[PDB]
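Single chain ahead, by itself, as C-alpha coordinates, in the form deposited in one PDB entry.
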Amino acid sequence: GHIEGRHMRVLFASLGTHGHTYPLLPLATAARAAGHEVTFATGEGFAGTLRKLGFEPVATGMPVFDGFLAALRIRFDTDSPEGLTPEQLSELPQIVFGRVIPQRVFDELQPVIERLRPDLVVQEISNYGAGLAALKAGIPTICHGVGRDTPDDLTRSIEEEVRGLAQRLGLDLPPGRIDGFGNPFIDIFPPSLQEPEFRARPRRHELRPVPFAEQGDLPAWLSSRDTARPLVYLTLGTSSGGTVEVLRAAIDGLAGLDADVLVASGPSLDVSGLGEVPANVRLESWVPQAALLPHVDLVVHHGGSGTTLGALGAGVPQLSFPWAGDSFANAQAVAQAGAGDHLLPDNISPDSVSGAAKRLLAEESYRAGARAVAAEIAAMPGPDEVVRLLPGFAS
(Lines give C-alpha, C1' and ligand atoms only; values in the text may rest on other atoms or scores of the structure.)
Protein backbone atom coordinates (compact mmCIF):
# COMPACT_ATOMS: atom_id res chain seq x y z
CA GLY A 1 0.00 0.00 0.00
CA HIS A 2 1.30 3.40 -1.09
CA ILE A 3 0.07 6.99 -1.33
CA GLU A 4 -0.92 8.66 -4.61
CA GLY A 5 1.94 9.13 -7.06
CA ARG A 6 4.60 7.51 -4.88
CA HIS A 7 6.07 4.01 -5.14
CA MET A 8 3.52 3.24 -7.84
CA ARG A 9 3.02 -0.20 -9.36
CA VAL A 10 3.89 0.39 -13.02
CA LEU A 11 3.47 -2.46 -15.51
CA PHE A 12 5.65 -2.20 -18.60
CA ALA A 13 4.62 -4.50 -21.44
CA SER A 14 6.26 -5.11 -24.82
CA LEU A 15 6.60 -7.70 -27.57
CA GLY A 16 9.27 -10.33 -26.92
CA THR A 17 12.04 -9.01 -29.17
CA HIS A 18 14.99 -6.67 -28.61
CA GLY A 19 13.63 -4.07 -31.04
CA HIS A 20 10.41 -3.80 -29.04
CA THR A 21 11.65 -4.32 -25.49
CA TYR A 22 14.82 -2.21 -25.39
CA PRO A 23 13.21 1.16 -26.26
CA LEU A 24 11.10 0.98 -23.08
CA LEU A 25 14.00 0.11 -20.75
CA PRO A 26 15.27 3.70 -20.23
CA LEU A 27 11.86 4.93 -19.00
CA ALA A 28 11.39 1.83 -16.83
CA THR A 29 14.80 2.40 -15.26
CA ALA A 30 13.92 6.04 -14.61
CA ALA A 31 10.65 4.92 -13.01
CA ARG A 32 12.50 2.65 -10.59
CA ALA A 33 14.95 5.42 -9.70
CA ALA A 34 11.93 7.61 -8.97
CA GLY A 35 10.95 4.98 -6.40
CA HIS A 36 8.25 3.16 -8.37
CA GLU A 37 7.90 -0.63 -8.48
CA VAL A 38 8.51 -1.81 -12.04
CA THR A 39 7.03 -5.04 -13.36
CA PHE A 40 8.10 -5.78 -16.93
CA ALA A 41 6.19 -8.18 -19.17
CA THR A 42 7.96 -9.56 -22.24
CA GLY A 43 9.76 -12.60 -23.65
CA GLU A 44 11.03 -14.96 -20.96
CA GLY A 45 14.48 -14.66 -22.52
CA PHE A 46 14.75 -11.13 -21.15
CA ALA A 47 14.22 -12.31 -17.56
CA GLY A 48 17.90 -12.07 -16.62
CA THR A 49 18.36 -8.55 -18.00
CA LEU A 50 15.13 -7.33 -16.40
CA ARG A 51 16.05 -8.70 -12.97
CA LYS A 52 19.46 -7.05 -13.18
CA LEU A 53 17.73 -3.73 -13.88
CA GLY A 54 15.79 -4.28 -10.66
CA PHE A 55 12.53 -5.07 -12.42
CA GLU A 56 10.15 -7.91 -11.61
CA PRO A 57 10.04 -9.88 -14.89
CA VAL A 58 6.90 -11.41 -16.40
CA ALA A 59 6.93 -13.86 -19.32
CA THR A 60 4.44 -13.26 -22.13
CA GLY A 61 3.98 -13.90 -25.84
CA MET A 62 6.02 -16.30 -27.96
CA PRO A 63 9.00 -16.33 -30.33
CA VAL A 64 8.22 -14.74 -33.71
CA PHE A 65 9.01 -18.00 -35.49
CA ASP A 66 6.34 -19.81 -33.47
CA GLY A 67 3.96 -16.99 -34.33
CA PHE A 68 4.46 -17.53 -38.05
CA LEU A 69 3.91 -21.27 -37.61
CA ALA A 70 0.54 -20.50 -36.06
CA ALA A 71 -0.35 -18.03 -38.81
CA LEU A 72 0.97 -20.49 -41.38
CA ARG A 73 -1.53 -23.05 -40.10
CA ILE A 74 -4.41 -20.58 -39.71
CA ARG A 75 -4.05 -19.15 -43.21
CA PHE A 76 -2.52 -21.85 -45.43
CA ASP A 77 -3.30 -25.10 -43.59
CA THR A 78 0.37 -26.06 -43.50
CA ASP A 79 3.36 -26.40 -41.18
CA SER A 80 5.87 -25.21 -43.79
CA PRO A 81 6.24 -22.06 -45.92
CA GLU A 82 7.57 -24.19 -48.78
CA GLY A 83 5.84 -23.66 -52.11
CA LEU A 84 4.34 -20.37 -50.95
CA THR A 85 5.06 -17.26 -53.01
CA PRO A 86 6.45 -14.18 -51.22
CA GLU A 87 3.03 -12.62 -51.89
CA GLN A 88 1.19 -15.30 -49.91
CA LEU A 89 3.73 -15.19 -47.09
CA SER A 90 3.23 -11.42 -46.90
CA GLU A 91 -0.31 -12.13 -45.69
CA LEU A 92 0.95 -13.65 -42.44
CA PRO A 93 2.38 -10.66 -40.49
CA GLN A 94 -1.07 -9.20 -39.77
CA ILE A 95 -2.17 -12.56 -38.38
CA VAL A 96 0.98 -12.93 -36.29
CA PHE A 97 1.03 -9.49 -34.65
CA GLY A 98 -2.63 -8.60 -35.05
CA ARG A 99 -4.19 -11.83 -33.77
CA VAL A 100 -1.94 -14.72 -32.73
CA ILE A 101 0.46 -12.88 -30.41
CA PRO A 102 -2.07 -10.32 -29.09
CA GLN A 103 -4.39 -13.21 -28.16
CA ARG A 104 -1.61 -14.94 -26.22
CA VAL A 105 -0.41 -11.76 -24.49
CA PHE A 106 -3.97 -10.78 -23.56
CA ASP A 107 -4.60 -14.21 -22.04
CA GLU A 108 -1.41 -14.07 -19.98
CA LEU A 109 -1.69 -10.46 -18.77
CA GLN A 110 -5.32 -10.68 -17.68
CA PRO A 111 -4.51 -12.73 -14.56
CA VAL A 112 -1.27 -10.76 -14.13
CA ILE A 113 -3.01 -7.38 -14.11
CA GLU A 114 -5.55 -9.02 -11.80
CA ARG A 115 -3.02 -9.89 -9.08
CA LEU A 116 -0.70 -6.91 -9.57
CA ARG A 117 -3.46 -4.28 -9.62
CA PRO A 118 -1.02 -1.83 -11.30
CA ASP A 119 -1.58 1.92 -10.98
CA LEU A 120 -0.36 2.41 -14.54
CA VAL A 121 0.38 0.33 -17.62
CA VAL A 122 3.04 1.37 -20.13
CA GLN A 123 2.05 -0.45 -23.32
CA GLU A 124 4.58 -0.80 -26.12
CA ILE A 125 2.84 0.38 -29.28
CA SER A 126 2.90 -2.94 -31.14
CA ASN A 127 1.97 -4.94 -28.04
CA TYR A 128 -1.77 -4.66 -28.70
CA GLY A 129 -2.62 -7.64 -26.51
CA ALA A 130 -1.33 -5.67 -23.53
CA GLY A 131 -3.38 -2.67 -24.65
CA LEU A 132 -6.52 -4.79 -24.79
CA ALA A 133 -5.88 -6.44 -21.43
CA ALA A 134 -5.40 -3.08 -19.71
CA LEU A 135 -8.46 -1.69 -21.50
CA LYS A 136 -10.72 -4.48 -20.24
CA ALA A 137 -9.28 -4.19 -16.73
CA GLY A 138 -9.86 -0.44 -16.91
CA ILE A 139 -6.26 0.38 -15.95
CA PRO A 140 -4.93 3.85 -16.86
CA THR A 141 -2.55 3.22 -19.77
CA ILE A 142 -0.04 5.14 -21.85
CA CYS A 143 1.28 4.12 -25.26
CA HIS A 144 5.06 3.92 -25.57
CA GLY A 145 6.35 4.22 -29.14
CA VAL A 146 9.41 2.50 -30.58
CA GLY A 147 9.91 4.49 -33.77
CA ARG A 148 8.31 6.60 -36.48
CA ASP A 149 4.56 6.60 -37.07
CA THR A 150 3.69 4.29 -39.97
CA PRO A 151 0.30 4.88 -41.65
CA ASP A 152 0.87 2.12 -44.22
CA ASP A 153 -0.99 -0.97 -45.48
CA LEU A 154 0.91 -3.34 -43.18
CA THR A 155 -0.08 -1.34 -40.11
CA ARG A 156 -3.73 -0.99 -41.13
CA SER A 157 -3.97 -4.74 -41.74
CA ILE A 158 -2.52 -5.48 -38.31
CA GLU A 159 -4.97 -3.00 -36.76
CA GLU A 160 -8.00 -4.64 -38.38
CA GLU A 161 -6.93 -8.01 -36.99
CA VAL A 162 -6.61 -6.27 -33.63
CA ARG A 163 -10.14 -4.93 -34.08
CA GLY A 164 -11.46 -8.41 -34.84
CA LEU A 165 -9.72 -9.80 -31.77
CA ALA A 166 -11.16 -6.97 -29.70
CA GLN A 167 -14.71 -7.75 -30.82
CA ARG A 168 -14.33 -11.44 -29.99
CA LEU A 169 -13.02 -10.49 -26.55
CA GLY A 170 -16.10 -8.39 -25.84
CA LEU A 171 -14.11 -5.21 -26.39
CA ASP A 172 -15.64 -2.73 -28.84
CA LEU A 173 -12.93 -0.38 -30.10
CA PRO A 174 -13.74 3.04 -31.60
CA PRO A 175 -13.95 3.33 -35.40
CA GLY A 176 -10.78 4.37 -37.24
CA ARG A 177 -7.10 3.76 -36.56
CA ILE A 178 -6.11 2.20 -33.23
CA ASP A 179 -4.10 5.33 -32.37
CA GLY A 180 -2.63 3.97 -29.14
CA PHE A 181 -6.13 3.10 -27.90
CA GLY A 182 -6.82 6.81 -27.39
CA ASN A 183 -4.26 6.99 -24.59
CA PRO A 184 -1.42 9.46 -23.97
CA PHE A 185 1.48 8.67 -26.31
CA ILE A 186 5.21 8.66 -25.56
CA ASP A 187 6.99 9.48 -28.82
CA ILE A 188 10.73 8.77 -28.97
CA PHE A 189 11.17 9.63 -32.66
CA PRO A 190 12.89 12.93 -33.55
CA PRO A 191 9.92 15.35 -33.98
CA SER A 192 11.46 16.99 -37.06
CA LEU A 193 11.49 13.57 -38.73
CA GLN A 194 8.14 12.45 -37.31
CA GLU A 195 5.05 12.30 -39.51
CA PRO A 196 3.51 15.82 -39.42
CA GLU A 197 -0.04 14.60 -38.74
CA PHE A 198 1.11 12.42 -35.86
CA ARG A 199 3.32 15.12 -34.35
CA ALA A 200 0.19 17.26 -33.91
CA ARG A 201 -1.67 14.46 -32.10
CA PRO A 202 -3.15 15.54 -28.72
CA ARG A 203 -1.74 14.06 -25.51
CA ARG A 204 1.55 13.30 -27.27
CA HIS A 205 4.79 13.56 -25.27
CA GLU A 206 8.43 13.61 -26.37
CA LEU A 207 10.98 11.20 -24.91
CA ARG A 208 14.65 11.04 -25.89
CA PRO A 209 15.35 7.81 -27.82
CA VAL A 210 17.90 6.61 -25.25
CA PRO A 211 19.78 3.47 -26.35
CA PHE A 212 19.75 0.62 -23.83
CA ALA A 213 22.82 0.84 -21.61
CA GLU A 214 24.21 -2.70 -21.58
CA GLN A 215 27.24 -3.18 -19.32
CA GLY A 216 28.90 -5.70 -21.64
CA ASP A 217 32.47 -5.46 -22.90
CA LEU A 218 33.36 -4.14 -26.35
CA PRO A 219 35.43 -6.45 -28.58
CA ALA A 220 39.04 -6.20 -27.37
CA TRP A 221 40.50 -5.59 -30.84
CA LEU A 222 39.03 -2.07 -30.95
CA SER A 223 41.72 -1.02 -28.46
CA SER A 224 44.51 -1.82 -30.93
CA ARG A 225 43.04 -1.03 -34.36
CA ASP A 226 44.24 1.74 -36.67
CA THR A 227 42.03 4.52 -35.33
CA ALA A 228 43.22 6.70 -38.21
CA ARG A 229 40.92 4.86 -40.61
CA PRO A 230 37.11 4.60 -40.41
CA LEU A 231 35.38 2.05 -38.18
CA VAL A 232 32.31 0.57 -39.89
CA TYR A 233 29.53 -1.25 -38.03
CA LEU A 234 27.45 -3.87 -39.83
CA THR A 235 24.34 -5.47 -38.37
CA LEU A 236 21.00 -6.77 -39.64
CA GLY A 237 19.23 -6.69 -36.29
CA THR A 238 17.77 -9.43 -34.13
CA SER A 239 14.57 -10.35 -36.02
CA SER A 240 14.19 -11.03 -39.76
CA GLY A 241 15.65 -7.65 -40.77
CA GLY A 242 17.82 -9.20 -43.48
CA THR A 243 19.31 -12.43 -44.81
CA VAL A 244 22.73 -14.06 -44.59
CA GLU A 245 23.02 -13.52 -48.35
CA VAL A 246 22.64 -9.79 -47.77
CA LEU A 247 25.14 -9.94 -44.91
CA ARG A 248 27.63 -11.66 -47.22
CA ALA A 249 27.11 -9.03 -49.92
CA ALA A 250 27.64 -6.26 -47.36
CA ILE A 251 30.83 -7.82 -46.01
CA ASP A 252 32.30 -8.19 -49.50
CA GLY A 253 31.39 -4.58 -50.23
CA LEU A 254 32.80 -3.14 -47.01
CA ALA A 255 35.84 -5.40 -46.69
CA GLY A 256 37.44 -3.70 -49.70
CA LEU A 257 37.42 -0.30 -48.01
CA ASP A 258 40.49 0.93 -46.16
CA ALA A 259 38.58 0.49 -42.92
CA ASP A 260 37.90 -1.74 -39.93
CA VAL A 261 34.58 -3.61 -40.03
CA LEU A 262 32.71 -4.87 -36.96
CA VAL A 263 29.79 -7.21 -37.68
CA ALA A 264 27.06 -8.18 -35.21
CA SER A 265 24.91 -11.00 -36.59
CA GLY A 266 22.56 -11.32 -33.62
CA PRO A 267 20.67 -14.26 -32.04
CA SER A 268 18.37 -15.06 -34.98
CA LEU A 269 20.64 -14.95 -38.03
CA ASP A 270 22.36 -18.26 -38.79
CA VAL A 271 25.83 -17.46 -40.12
CA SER A 272 27.34 -20.94 -39.88
CA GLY A 273 27.46 -20.78 -43.68
CA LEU A 274 28.78 -17.22 -43.95
CA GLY A 275 32.30 -18.46 -44.64
CA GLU A 276 35.70 -16.82 -44.88
CA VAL A 277 36.40 -13.09 -44.43
CA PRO A 278 39.42 -10.74 -44.68
CA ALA A 279 41.28 -9.79 -41.47
CA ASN A 280 39.80 -6.28 -41.34
CA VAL A 281 36.35 -7.82 -40.87
CA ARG A 282 35.51 -9.08 -37.38
CA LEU A 283 32.43 -11.21 -36.76
CA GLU A 284 30.64 -10.89 -33.43
CA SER A 285 27.53 -12.69 -32.16
CA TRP A 286 26.49 -9.80 -29.94
CA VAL A 287 27.86 -6.40 -28.93
CA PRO A 288 27.00 -3.61 -26.48
CA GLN A 289 25.77 -1.50 -29.40
CA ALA A 290 25.03 1.56 -27.26
CA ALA A 291 28.64 1.69 -26.05
CA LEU A 292 30.01 0.93 -29.52
CA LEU A 293 28.34 3.58 -31.69
CA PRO A 294 30.29 6.59 -30.36
CA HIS A 295 33.39 4.95 -31.89
CA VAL A 296 31.84 4.27 -35.30
CA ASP A 297 32.14 6.29 -38.51
CA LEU A 298 29.37 4.50 -40.41
CA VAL A 299 26.48 2.22 -39.48
CA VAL A 300 25.23 -0.22 -42.10
CA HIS A 301 22.09 -2.16 -41.21
CA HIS A 302 18.59 -3.45 -41.99
CA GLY A 303 16.76 -0.27 -41.04
CA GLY A 304 15.42 -1.20 -37.62
CA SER A 305 14.16 1.66 -35.46
CA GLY A 306 16.57 0.93 -32.62
CA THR A 307 19.69 1.06 -34.78
CA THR A 308 18.27 3.92 -36.85
CA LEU A 309 17.68 6.11 -33.80
CA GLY A 310 20.96 4.83 -32.37
CA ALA A 311 23.04 6.03 -35.31
CA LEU A 312 21.09 9.30 -35.36
CA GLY A 313 21.69 9.79 -31.65
CA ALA A 314 25.43 9.27 -32.03
CA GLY A 315 25.60 11.58 -35.04
CA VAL A 316 26.85 8.82 -37.32
CA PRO A 317 25.97 8.43 -41.03
CA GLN A 318 23.94 5.30 -41.80
CA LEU A 319 23.42 3.06 -44.84
CA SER A 320 20.33 0.86 -44.63
CA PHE A 321 18.89 -2.15 -46.46
CA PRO A 322 15.14 -1.53 -46.00
CA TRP A 323 12.92 -4.60 -46.42
CA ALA A 324 11.04 -5.46 -43.22
CA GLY A 325 8.37 -3.52 -41.34
CA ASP A 326 9.11 0.14 -40.64
CA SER A 327 12.53 -0.10 -42.28
CA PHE A 328 11.24 1.87 -45.26
CA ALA A 329 9.72 4.52 -42.99
CA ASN A 330 13.08 4.91 -41.26
CA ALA A 331 14.87 5.11 -44.60
CA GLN A 332 12.63 8.05 -45.57
CA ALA A 333 13.34 9.77 -42.25
CA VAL A 334 17.09 9.34 -42.75
CA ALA A 335 16.89 10.67 -46.32
CA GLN A 336 14.76 13.60 -45.18
CA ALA A 337 17.47 14.57 -42.69
CA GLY A 338 20.23 13.73 -45.16
CA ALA A 339 21.69 11.67 -42.33
CA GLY A 340 22.47 8.74 -44.63
CA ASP A 341 21.21 6.65 -47.52
CA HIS A 342 19.76 3.27 -48.51
CA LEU A 343 19.79 0.50 -51.10
CA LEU A 344 16.62 -1.30 -52.23
CA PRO A 345 16.28 -5.13 -51.94
CA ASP A 346 17.11 -5.58 -55.63
CA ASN A 347 20.21 -3.38 -55.41
CA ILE A 348 22.30 -5.21 -52.82
CA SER A 349 25.75 -6.27 -53.99
CA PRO A 350 29.47 -5.83 -53.19
CA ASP A 351 29.60 -3.03 -55.77
CA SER A 352 26.50 -1.09 -54.70
CA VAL A 353 27.38 -1.41 -51.01
CA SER A 354 31.01 -0.43 -51.62
CA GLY A 355 30.04 2.61 -53.66
CA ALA A 356 27.44 3.83 -51.18
CA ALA A 357 29.68 3.28 -48.15
CA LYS A 358 32.48 5.32 -49.73
CA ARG A 359 30.08 8.17 -50.48
CA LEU A 360 28.68 8.30 -46.94
CA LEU A 361 32.23 8.36 -45.55
CA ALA A 362 33.77 10.84 -48.00
CA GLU A 363 30.98 13.42 -48.29
CA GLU A 364 30.62 15.47 -45.11
CA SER A 365 26.95 16.29 -45.76
CA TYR A 366 25.78 12.88 -44.51
CA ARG A 367 27.58 13.15 -41.17
CA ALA A 368 26.46 16.78 -40.95
CA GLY A 369 22.88 15.60 -41.36
CA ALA A 370 23.38 12.97 -38.66
CA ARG A 371 24.89 15.49 -36.23
CA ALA A 372 21.88 17.79 -36.71
CA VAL A 373 19.46 15.13 -35.47
CA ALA A 374 21.92 14.11 -32.75
CA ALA A 375 21.54 17.66 -31.42
CA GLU A 376 17.74 17.49 -31.69
CA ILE A 377 17.75 14.15 -29.88
CA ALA A 378 19.98 15.49 -27.10
CA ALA A 379 17.53 18.38 -26.67
CA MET A 380 14.56 16.05 -26.15
CA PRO A 381 13.25 15.42 -22.61
CA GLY A 382 15.23 12.66 -20.88
CA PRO A 383 13.63 9.62 -19.16
CA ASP A 384 14.07 11.23 -15.72
CA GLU A 385 12.13 14.30 -16.85
CA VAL A 386 9.33 12.44 -18.63
CA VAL A 387 8.92 10.08 -15.67
CA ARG A 388 7.59 13.02 -13.65
CA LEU A 389 4.50 12.74 -15.85
CA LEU A 390 3.65 9.18 -14.78
CA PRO A 391 1.71 10.11 -11.63
CA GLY A 392 -0.47 12.43 -13.73
CA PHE A 393 -1.12 9.59 -16.17
CA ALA A 394 -2.14 7.20 -13.39
CA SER A 395 -4.37 9.81 -11.74
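Residue numbers run from 1 along the displayed sequence. For the two forms, the rigid core is made up of the largest set of C-alpha atoms that agree within 1.5 Å on superposition.
Same protein, other form: the form deposited in another entry, not shown, and the subject of what follows.
Trainee: Only one of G176, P202, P294, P86 shifts by 2 Å or more at CA between this form and the one not shown when the core is aligned; which is it?
Mentor: Among the listed residues, the one whose C-alpha moves by 2 Å or more is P86.
Trainee: My question is whether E276 is one of the residues whose C-alpha shifts by 2 Å or more between this form and the one not shown, given a fit on the rigid core.
Mentor: No.
Trainee: Superposed on the rigid core, does the Cα of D153 end up 2 angstroms or more away between this form and the one not shown?
Mentor: Where the cores coincide, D153 shows only a C-alpha shift between this form and the one not shown that is less than 2 Å.
Trainee: Determine, after fitting the two forms on their core, whether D77 shows a C-alpha shift of 2 Å or more between this form and the one not shown.
Mentor: Indeed, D77 is displaced by 2 Å or more.
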